[PDB]
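Encoded as structure tokens, the structure appears first; notes follow it.
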Amino acid sequence: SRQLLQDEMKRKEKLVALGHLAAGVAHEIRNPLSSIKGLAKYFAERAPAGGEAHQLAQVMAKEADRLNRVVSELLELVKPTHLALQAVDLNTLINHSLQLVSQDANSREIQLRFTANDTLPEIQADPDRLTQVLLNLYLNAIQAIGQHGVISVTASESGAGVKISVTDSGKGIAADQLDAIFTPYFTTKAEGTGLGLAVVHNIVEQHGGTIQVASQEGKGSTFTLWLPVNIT
Amino acid sequence: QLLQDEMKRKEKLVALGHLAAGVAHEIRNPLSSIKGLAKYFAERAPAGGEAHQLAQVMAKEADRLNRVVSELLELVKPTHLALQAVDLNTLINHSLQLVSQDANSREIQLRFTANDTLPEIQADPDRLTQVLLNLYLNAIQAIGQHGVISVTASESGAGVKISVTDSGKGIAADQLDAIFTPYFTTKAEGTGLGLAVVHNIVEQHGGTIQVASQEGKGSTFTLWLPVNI
Ligand SMILES: Nc1ncnc2c1ncn2[C@@H]1O[C@H](COP(=O)(O)OP(=O)(O)O)[C@@H](O)[C@H]1O
Ligand SMILES: Nc1ncnc2c1ncn2[C@@H]1O[C@H](COP(=O)(O)OP(=O)(O)O)[C@@H](O)[C@H]1O
Ligand SMILES: [Mg+2]
Ligand SMILES: [Mg+2]
């Protein structure tokens, strides 16, 4: 028995270690990309405007920024699961996230809607990762509405856990794309990282919850989150 | 359930491979164009100036990013096969036995007939067992209760064919290749990595996997593996 546990512990250790080394390699990819992004901006600025050199240098800079954001999200995904659990009231966390996105919503003329239920029970979760998830969903919704929209967030008690649903009024998603939407590296945006919903899924998986989506193209979309009241 | 954990770890390694190949593609298409732009700016700029040196620096940086992405890919590259002689009858039986209790409780019938004349192939038993377990679990999920699971093994050419047929719930034909793509799944819970592991192991061995499915009727998955790699 002593050796068998030593064994299972060793296989688990090998997977987490591979994750740690992968995070390091990703951090080292960020360094030449950041160098490339800076040097491509210099060349774009110094190059004669309007020409092919200027266009190519600016496109390459934009691509290097997109690549740094892709690599940061990849690091978030490859990193071993590390959750700082805490008892959190969801109303306060949701309000804080909404206040975090308020300026960008008002700039684009998008309404933030959320009603709080003080009856709502506290959940065992990592508040920073839940923020990173809510913000990713909010950003997706904002990009999709583009202007003149509304975001409705609600929280309710489902069995044991809670369901936070974020509904937008944007372009929606076709049923054909309704499955590749969570697939890594898939995006319909030229300045998009197709890893935001991958990160959302990973974080909600580490929390033992579920992410589901219901969308009608043009009408809008709704992302529903189930998070357990007790992590165990 | 320590088996379930080992399965999950294999799924995570396959996922890391996919993520790495994706970042590599996304990083590599621009790289060549950046290196050319660097070369044009450097030839245009006077020798020794700041634009010249910085252009060489940008080129070297693109080459270094290629080296680092190659490193990530090599790190997630799967270990070579532990090639050993395997009697597939014994393996299929052990695989079904690892599923015996869950199939029994969920009212699932396990049917296999062994051919004594079936040759023993050079393969990795643990990985083949992983492909079999993945196919079986997917099949049980396809039908919670009142189903039958049929496995057949046969010689074919210079190889062997194993077919897993289930009553299940069926998969439409409009989504056939996409079933093998990693992170692809038709259930709310669950990863989309099982058949990704299956395909990775089969292609590692040197064989092929094919699917047949009638909606509402059931699904058949066929594996061809070589006798000597
Ligand atoms: N609220 C939404 N409304 C419409 N489409 C959405 C929404 N959220 C996600 N999507 C779709 O999912 C794809 C993947 O999103 P994600 O993985 O977060 O990356 P990105 O936001 O960079 O595209 C988007 O390109 C888009 O097509
Ligand atoms: N034999 C089958 N019968 C019915 N549906 C299947 C079968 N095999 C795979 N599927 C569907 O395709 C998805 C892809 O399988 P897989 O990648 O293993 O995902 P999972 O880990 O959720 O089982 C499954 O989740 C299931 O929804
Ligand atoms: Mg996004
Ligand atoms: Mg599966």
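Please note that chains go A, B, ... in the order of the structure tokens, that every chain numbers its residues from 1, and that ligands are numbered from 1 in the order shown.
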
DSSP on the backbone: what in range 46-208 of chain B comes out strand (DSSP E), as an MDAnalysis selection string?
chainID B and resid 84:86 108:112 121:123 147:156 159:166 208

Throw together the list of residues within 8 Å of ligand 2, counting only C-alpha atoms and all ligand atoms, and drop it here as a CSV table (one decimal) with N, CA and C atoms, in the first residue's frame.
chain,number,residue,atom,x,y,z
B,134,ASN,N,-12.4,4.0,-23.5
B,134,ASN,CA,-13.1,5.3,-24.0
B,134,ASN,C,-14.2,4.9,-24.8
B,135,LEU,N,-14.0,4.0,-25.8
B,135,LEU,CA,-15.1,3.7,-26.7
B,135,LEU,C,-16.3,3.1,-25.9
B,136,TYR,N,-16.0,2.3,-24.9
B,136,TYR,CA,-17.1,1.6,-24.1
B,136,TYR,C,-17.9,2.7,-23.3
B,137,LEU,N,-17.2,3.6,-22.7
B,137,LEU,CA,-17.8,4.6,-21.8
B,137,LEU,C,-18.7,5.4,-22.7
B,138,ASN,N,-18.2,5.8,-23.8
B,138,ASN,CA,-19.0,6.7,-24.7
B,138,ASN,C,-20.2,5.9,-25.0
B,139,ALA,N,-20.1,4.6,-25.4
B,139,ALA,CA,-21.2,3.8,-25.8
B,139,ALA,C,-22.3,3.7,-24.7
B,140,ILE,N,-21.8,3.5,-23.4
B,140,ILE,CA,-22.8,3.3,-22.3
B,140,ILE,C,-23.5,4.7,-22.2
B,141,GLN,N,-22.8,5.8,-22.3
B,141,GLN,CA,-23.5,7.1,-22.1
B,141,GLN,C,-24.5,7.3,-23.2
B,142,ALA,N,-24.2,6.8,-24.4
B,142,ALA,CA,-25.2,6.9,-25.5
B,142,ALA,C,-26.5,6.2,-25.2
B,143,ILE,N,-26.5,5.3,-24.2
B,143,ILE,CA,-27.8,4.7,-23.8
B,143,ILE,C,-27.7,4.3,-22.3
B,165,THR,N,-19.9,-2.2,-31.2
B,165,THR,CA,-21.2,-1.8,-31.6
B,165,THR,C,-22.1,-1.7,-30.4
B,166,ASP,N,-22.9,-0.6,-30.4
B,166,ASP,CA,-23.7,-0.3,-29.2
B,166,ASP,C,-25.2,0.0,-29.7
B,168,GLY,N,-27.0,2.4,-27.9
B,168,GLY,CA,-26.8,3.8,-27.7
B,168,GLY,C,-27.9,4.7,-28.1
B,169,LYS,N,-27.6,5.9,-28.7
B,169,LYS,CA,-28.6,6.8,-29.1
B,169,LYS,C,-28.3,7.3,-30.5
B,170,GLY,N,-27.1,6.9,-31.0
B,170,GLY,CA,-26.7,7.3,-32.4
B,170,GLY,C,-26.1,8.6,-32.7
B,171,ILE,N,-25.4,8.8,-33.7
B,171,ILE,CA,-24.8,10.1,-34.1
B,171,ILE,C,-25.2,10.3,-35.5
B,179,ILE,N,-16.4,14.4,-34.9
B,179,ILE,CA,-16.4,13.6,-33.6
B,179,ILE,C,-15.0,13.3,-33.1
B,180,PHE,N,-14.0,13.3,-34.0
B,180,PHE,CA,-12.7,13.0,-33.6
B,180,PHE,C,-11.9,14.2,-33.2
B,181,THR,N,-12.4,15.4,-33.5
B,181,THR,CA,-11.7,16.7,-33.2
B,181,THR,C,-11.7,16.9,-31.7
B,182,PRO,N,-10.5,17.2,-31.1
B,182,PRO,CA,-10.5,17.5,-29.7
B,182,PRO,C,-11.4,18.6,-29.3
B,183,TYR,N,-11.9,18.5,-28.1
B,183,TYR,CA,-12.9,19.5,-27.5
B,183,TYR,C,-14.2,19.5,-28.1
B,184,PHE,N,-14.5,18.4,-28.9
B,184,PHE,CA,-15.8,18.3,-29.6
B,184,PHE,C,-16.7,17.3,-28.8
B,185,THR,N,-17.9,17.7,-28.4
B,185,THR,CA,-18.8,16.9,-27.5
B,185,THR,C,-20.2,17.3,-27.7
B,186,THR,N,-21.1,16.4,-27.6
B,186,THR,CA,-22.6,16.6,-27.7
B,186,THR,C,-23.3,16.5,-26.3
B,187,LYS,N,-22.5,16.6,-25.3
B,187,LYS,CA,-23.1,16.5,-23.9
B,187,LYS,C,-22.7,17.7,-23.1
B,189,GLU,N,-22.1,18.1,-19.8
B,189,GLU,CA,-20.9,17.8,-19.0
B,189,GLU,C,-20.0,17.0,-19.9
B,190,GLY,N,-18.7,16.9,-19.5
B,190,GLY,CA,-17.8,16.0,-20.3
B,190,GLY,C,-16.8,16.8,-21.1
B,191,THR,N,-15.6,16.2,-21.2
B,191,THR,CA,-14.6,16.9,-22.1
B,191,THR,C,-14.9,16.4,-23.5
B,192,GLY,N,-14.2,16.9,-24.5
B,192,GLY,CA,-14.4,16.4,-25.8
B,192,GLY,C,-13.1,15.7,-26.2
B,193,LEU,N,-12.5,15.0,-25.2
B,193,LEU,CA,-11.1,14.5,-25.5
B,193,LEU,C,-11.1,12.9,-25.7
B,194,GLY,N,-12.2,12.2,-25.4
B,194,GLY,CA,-12.0,10.7,-25.4
B,194,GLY,C,-11.6,10.2,-26.8
B,195,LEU,N,-12.4,10.5,-27.8
B,195,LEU,CA,-12.0,10.0,-29.1
B,195,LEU,C,-10.7,10.7,-29.6
B,196,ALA,N,-10.3,11.8,-29.1
B,196,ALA,CA,-9.0,12.4,-29.4
B,196,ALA,C,-7.9,11.5,-28.9
B,213,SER,N,-22.8,5.1,-37.9
B,213,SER,CA,-23.8,5.4,-36.8
B,213,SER,C,-25.2,5.7,-37.4
B,218,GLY,N,-28.1,3.1,-33.2
B,218,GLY,CA,-26.8,2.8,-32.5
B,218,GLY,C,-25.6,3.2,-33.2
B,219,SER,N,-24.4,2.8,-32.7
B,219,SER,CA,-23.1,3.2,-33.4
B,219,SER,C,-22.1,2.1,-33.4
B,220,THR,N,-21.4,2.0,-34.5
B,220,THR,CA,-20.3,1.0,-34.6
B,220,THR,C,-18.9,1.7,-34.8
B,221,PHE,N,-17.9,1.5,-34.0
B,221,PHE,CA,-16.6,2.1,-34.2
B,221,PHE,C,-15.6,0.9,-34.5

Find the residues near ligand 1. Use a cut-off of 6 Å, count only C-alpha atoms and all ligand atoms, and write them as a ChimeraX atom specification.
/A:140-141,144,170-173,181-182,186-189,192-198,221

Go ahead and compute the interatomic distance for CA of residue 139 in chain A and CA of residue 41 in chain A, in Å to one decimal.
26.3 Å

Contact set, chain B to chain A: 9 Å, only C-alpha atoms, as a count of residues only:
45

Taking the DSSP secondary structure from the backbone, can you list the residues of chain A that are alpha helix (DSSP H), as an MDAnalysis selection string?
chainID A and resid 2:46 52:78 90:107 127:145 196:206

Residues from the last selection, C-alpha atoms, saved as a tab-separated table (two decimals), in the first residue's frame:
chain	number	residue	atom	x	y	z
A	2	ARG	CA	2.76	2.52	0.91
A	3	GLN	CA	4.49	2.06	-2.48
A	4	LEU	CA	1.17	2.15	-4.42
A	5	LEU	CA	0.28	5.59	-3.00
A	6	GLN	CA	3.90	6.70	-3.67
A	7	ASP	CA	3.13	5.59	-7.28
A	8	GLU	CA	-0.18	7.38	-7.77
A	9	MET	CA	1.39	10.44	-6.17
A	10	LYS	CA	4.25	10.22	-8.75
A	11	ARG	CA	1.96	10.01	-11.79
A	12	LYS	CA	-0.03	13.03	-10.58
A	13	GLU	CA	3.25	14.85	-9.92
A	14	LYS	CA	4.48	14.16	-13.46
A	15	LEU	CA	1.31	15.75	-14.95
A	16	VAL	CA	1.42	18.91	-12.77
A	17	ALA	CA	5.16	19.28	-13.45
A	18	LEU	CA	4.56	19.11	-17.20
A	19	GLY	CA	2.01	21.86	-16.67
A	20	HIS	CA	4.53	23.97	-14.75
A	21	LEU	CA	7.20	23.54	-17.43
A	22	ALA	CA	4.63	24.42	-20.13
A	23	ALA	CA	3.81	27.64	-18.29
A	24	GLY	CA	7.49	28.51	-18.26
A	25	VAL	CA	7.89	27.86	-21.96
A	26	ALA	CA	4.85	30.05	-22.63
A	27	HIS	CA	6.35	32.87	-20.55
A	28	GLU	CA	9.52	32.63	-22.65
A	29	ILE	CA	7.38	32.82	-25.90
A	30	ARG	CA	5.95	36.12	-24.50
A	31	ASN	CA	9.45	37.66	-24.39
A	32	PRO	CA	10.36	37.50	-28.15
A	33	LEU	CA	6.74	38.34	-29.04
A	34	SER	CA	6.92	41.50	-26.90
A	35	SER	CA	10.27	42.32	-28.52
A	36	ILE	CA	8.71	41.75	-31.94
A	37	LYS	CA	5.70	43.93	-31.07
A	38	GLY	CA	7.89	46.79	-29.99
A	39	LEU	CA	10.33	46.62	-32.91
A	40	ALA	CA	7.50	46.33	-35.43
A	41	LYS	CA	5.92	49.53	-33.98
A	42	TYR	CA	9.25	51.38	-34.33
A	43	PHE	CA	9.59	50.25	-37.90
A	44	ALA	CA	5.99	51.14	-38.66
A	45	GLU	CA	6.50	54.65	-37.17
A	46	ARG	CA	9.78	55.26	-39.03
A	52	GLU	CA	3.54	48.48	-48.18
A	53	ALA	CA	6.18	48.56	-45.45
A	54	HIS	CA	4.01	50.72	-43.19
A	55	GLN	CA	0.94	48.57	-43.65
A	56	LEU	CA	2.89	45.36	-43.08
A	57	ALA	CA	4.60	46.69	-39.95
A	58	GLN	CA	1.34	47.85	-38.42
A	59	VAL	CA	-0.44	44.56	-39.21
A	60	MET	CA	2.49	42.64	-37.70
A	61	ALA	CA	2.34	44.77	-34.52
A	62	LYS	CA	-1.36	44.14	-34.17
A	63	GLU	CA	-0.75	40.43	-34.71
A	64	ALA	CA	2.01	40.38	-32.04
A	65	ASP	CA	-0.34	42.00	-29.53
A	66	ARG	CA	-3.02	39.44	-30.37
A	67	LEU	CA	-0.40	36.73	-29.95
A	68	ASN	CA	0.66	38.01	-26.50
A	69	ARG	CA	-2.95	37.91	-25.40
A	70	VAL	CA	-3.33	34.40	-26.85
A	71	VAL	CA	-0.16	33.24	-25.00
A	72	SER	CA	-1.32	34.75	-21.70
A	73	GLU	CA	-4.63	32.87	-21.96
A	74	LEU	CA	-2.76	29.68	-22.99
A	75	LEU	CA	-0.63	30.09	-19.81
A	76	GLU	CA	-3.79	30.45	-17.78
A	77	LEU	CA	-5.05	27.19	-19.35
A	78	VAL	CA	-1.78	25.14	-19.09
A	90	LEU	CA	-22.21	36.62	-5.31
A	91	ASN	CA	-24.18	39.88	-5.30
A	92	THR	CA	-21.13	41.90	-4.25
A	93	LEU	CA	-18.83	40.12	-6.74
A	94	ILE	CA	-21.27	40.57	-9.61
A	95	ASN	CA	-21.76	44.24	-8.74
A	96	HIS	CA	-17.99	44.74	-8.68
A	97	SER	CA	-17.61	43.10	-12.10
A	98	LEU	CA	-20.44	45.21	-13.51
A	99	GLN	CA	-18.78	48.34	-12.15
A	100	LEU	CA	-15.52	47.17	-13.75
A	101	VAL	CA	-17.21	47.05	-17.22
A	102	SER	CA	-19.48	50.11	-16.66
A	103	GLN	CA	-17.27	52.64	-18.41
A	104	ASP	CA	-16.90	50.55	-21.56
A	105	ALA	CA	-20.65	49.82	-21.51
A	106	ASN	CA	-21.63	53.50	-21.25
A	107	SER	CA	-19.14	54.41	-23.99
A	127	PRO	CA	-13.39	35.29	-6.36
A	128	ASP	CA	-10.64	36.40	-8.74
A	129	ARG	CA	-11.22	33.52	-11.17
A	130	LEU	CA	-14.99	34.07	-11.04
A	131	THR	CA	-14.34	37.72	-11.89
A	132	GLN	CA	-12.11	36.67	-14.83
A	133	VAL	CA	-15.00	34.53	-16.04
A	134	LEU	CA	-17.78	37.09	-15.64
A	135	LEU	CA	-15.60	39.74	-17.28
A	136	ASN	CA	-14.82	37.46	-20.27
A	137	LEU	CA	-18.53	36.81	-20.74
A	138	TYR	CA	-19.30	40.55	-20.42
A	139	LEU	CA	-16.57	41.47	-22.92
A	140	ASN	CA	-17.91	38.91	-25.39
A	141	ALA	CA	-21.39	40.33	-25.01
A	142	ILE	CA	-20.17	43.91	-25.47
A	143	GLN	CA	-18.20	43.05	-28.59
A	144	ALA	CA	-21.25	41.28	-30.05
A	145	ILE	CA	-23.79	44.10	-29.32
A	196	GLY	CA	-11.65	33.32	-23.62
A	197	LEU	CA	-14.45	30.78	-23.42
A	198	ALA	CA	-11.82	28.06	-23.08
A	199	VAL	CA	-10.61	29.87	-19.95
A	200	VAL	CA	-14.21	30.29	-18.79
A	201	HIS	CA	-14.82	26.56	-19.20
A	202	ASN	CA	-11.57	25.62	-17.44
A	203	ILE	CA	-12.33	27.86	-14.45
A	204	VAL	CA	-15.91	26.62	-14.13
A	205	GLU	CA	-14.62	23.05	-14.40
A	206	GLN	CA	-12.13	23.60	-11.59
